[PDB]
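Here the structure is laid out as structure tokens; the discussion comes afterwards.
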Amino acid sequence: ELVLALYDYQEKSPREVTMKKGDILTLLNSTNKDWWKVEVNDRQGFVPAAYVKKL
């Protein structure tokens with residue numbers, strides 16, 4: 001599944017990754033309601049689920 005980044009997010013912990021608004025990310029795990037695991041080109045980690053939209 002692909003998600004679209006609606007906002008910029010800068011990583012704030014070791015498990016997070018950074019994304020820019022408009023990035024299309026690969027969604028790896030959306031089992032948590034708040035934090036989803038994504039791949040943003042050869043990095044994998046968590047971003048806030050509210051800040052992305054599934055395509």
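Following the order of the structure tokens, first chain is A, next is B, and so on, with residues numbered from 1 inside each chain and ligands from 1 in the order they appear.
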
Exercise: residue 22 of chain A partners within 8 Å, only C-alpha atoms, chain neighbours under 6 positions left out, as a PyMOL selection string: chain A and resi 4-7

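Atom CA of residue 47 of chain A sits 10.1 Å away from atom CA of residue 8 of chain A.
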
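The shortest atom-to-atom distance to residue 51 of chain A, with only C-alpha atoms taken into account, belongs to A:19 out of A:31, A:19, A:13, A:1.
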
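For segment 4-50 of chain A, backbone-based DSSP labels the following residues as strand (DSSP E): residues 4, 5, 24, 25, 26, 27, 28, 29, 35, 36, 37, 38, 39, 44, 45, 46, 47 and 48 of chain A.
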
Which is closest to residue 9 of chain A among A:34, A:29, A:48, A:55, if we use only C-alpha atoms? A:48

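Each of A:10, A:21, A:26, A:42 was compared to residue 54 of chain A using only C-alpha atoms, and A:26 turns out to be the nearest.
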
Of the candidates A:30, A:35, A:49, A:41, which one gets nearest to residue 15 of chain A if we count only C-alpha atoms? A:35

Fewer than 5 positions away in the same chain doesn't count, so skip those; otherwise give me all residues within 12 Å of residue 2 of chain A, counting only C-alpha atoms, as a VMD selection string. chain A and resid 23 to 30 36 to 40 52 to 55

Using the selection just defined, write its residues with N, CA, C and O atoms as an mmCIF file, in the first residue's frame.
data_model
loop_
_atom_site.group_PDB
_atom_site.id
_atom_site.type_symbol
_atom_site.label_atom_id
_atom_site.label_comp_id
_atom_site.auth_asym_id
_atom_site.auth_seq_id
_atom_site.Cartn_x
_atom_site.Cartn_y
_atom_site.Cartn_z
ATOM 1 N N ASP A 23 5.482 13.435 -0.271
ATOM 2 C CA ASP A 23 6.216 12.166 -0.450
ATOM 3 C C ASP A 23 5.222 11.054 -0.524
ATOM 4 O O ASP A 23 4.166 11.061 0.132
ATOM 5 N N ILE A 24 5.523 10.075 -1.380
ATOM 6 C CA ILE A 24 4.743 8.870 -1.465
ATOM 7 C C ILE A 24 5.536 7.762 -0.820
ATOM 8 O O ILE A 24 6.638 7.436 -1.218
ATOM 9 N N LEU A 25 4.986 7.218 0.270
ATOM 10 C CA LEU A 25 5.709 6.280 1.097
ATOM 11 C C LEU A 25 5.125 4.908 0.949
ATOM 12 O O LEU A 25 3.921 4.770 0.728
ATOM 13 N N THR A 26 5.932 3.871 1.139
ATOM 14 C CA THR A 26 5.432 2.492 1.142
ATOM 15 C C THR A 26 4.984 2.161 2.550
ATOM 16 O O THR A 26 5.764 2.369 3.466
ATOM 17 N N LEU A 27 3.763 1.675 2.693
ATOM 18 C CA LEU A 27 3.261 1.368 4.048
ATOM 19 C C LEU A 27 3.540 -0.067 4.387
ATOM 20 O O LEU A 27 3.197 -0.984 3.626
ATOM 21 N N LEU A 28 4.207 -0.279 5.536
ATOM 22 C CA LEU A 28 4.666 -1.590 5.963
ATOM 23 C C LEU A 28 3.780 -2.151 7.077
ATOM 24 O O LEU A 28 3.597 -3.371 7.129
ATOM 25 N N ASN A 29 3.290 -1.307 8.000
ATOM 26 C CA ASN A 29 2.534 -1.860 9.143
ATOM 27 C C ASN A 29 1.644 -0.731 9.649
ATOM 28 O O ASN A 29 2.131 0.331 10.082
ATOM 29 N N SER A 30 0.326 -0.933 9.576
ATOM 30 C CA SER A 30 -0.622 0.047 10.091
ATOM 31 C C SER A 30 -1.469 -0.547 11.163
ATOM 32 O O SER A 30 -2.597 -0.110 11.363
ATOM 33 N N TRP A 36 2.430 4.621 12.176
ATOM 34 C CA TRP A 36 2.502 3.619 11.133
ATOM 35 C C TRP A 36 3.943 3.457 10.668
ATOM 36 O O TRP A 36 4.702 4.447 10.595
ATOM 37 N N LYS A 37 4.315 2.236 10.349
ATOM 38 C CA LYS A 37 5.666 1.973 9.852
ATOM 39 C C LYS A 37 5.710 2.071 8.349
ATOM 40 O O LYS A 37 4.862 1.481 7.665
ATOM 41 N N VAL A 38 6.632 2.901 7.867
ATOM 42 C CA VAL A 38 6.713 3.215 6.415
ATOM 43 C C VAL A 38 8.140 3.058 5.949
ATOM 44 O O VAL A 38 9.089 3.020 6.720
ATOM 45 N N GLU A 39 8.268 2.948 4.611
ATOM 46 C CA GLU A 39 9.599 3.013 4.010
ATOM 47 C C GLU A 39 9.649 4.292 3.186
ATOM 48 O O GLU A 39 8.704 4.624 2.466
ATOM 49 N N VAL A 40 10.693 5.068 3.400
ATOM 50 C CA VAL A 40 10.838 6.342 2.705
ATOM 51 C C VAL A 40 12.182 6.045 2.161
ATOM 52 O O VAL A 40 13.178 6.326 2.825
ATOM 53 N N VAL A 52 -0.567 11.004 7.313
ATOM 54 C CA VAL A 52 -0.535 10.352 5.966
ATOM 55 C C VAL A 52 -1.932 9.960 5.539
ATOM 56 O O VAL A 52 -2.853 9.878 6.359
ATOM 57 N N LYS A 53 -2.107 9.757 4.222
ATOM 58 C CA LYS A 53 -3.393 9.351 3.718
ATOM 59 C C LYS A 53 -3.146 8.157 2.820
ATOM 60 O O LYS A 53 -2.298 8.227 1.914
ATOM 61 N N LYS A 54 -3.829 7.058 3.082
ATOM 62 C CA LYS A 54 -3.710 5.868 2.233
ATOM 63 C C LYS A 54 -4.252 6.162 0.857
ATOM 64 O O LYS A 54 -5.216 6.931 0.708
ATOM 65 N N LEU A 55 -3.586 5.620 -0.155
ATOM 66 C CA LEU A 55 -4.038 5.817 -1.543
ATOM 67 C C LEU A 55 -4.934 4.688 -2.098
ATOM 68 O O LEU A 55 -4.639 3.500 -1.946
#
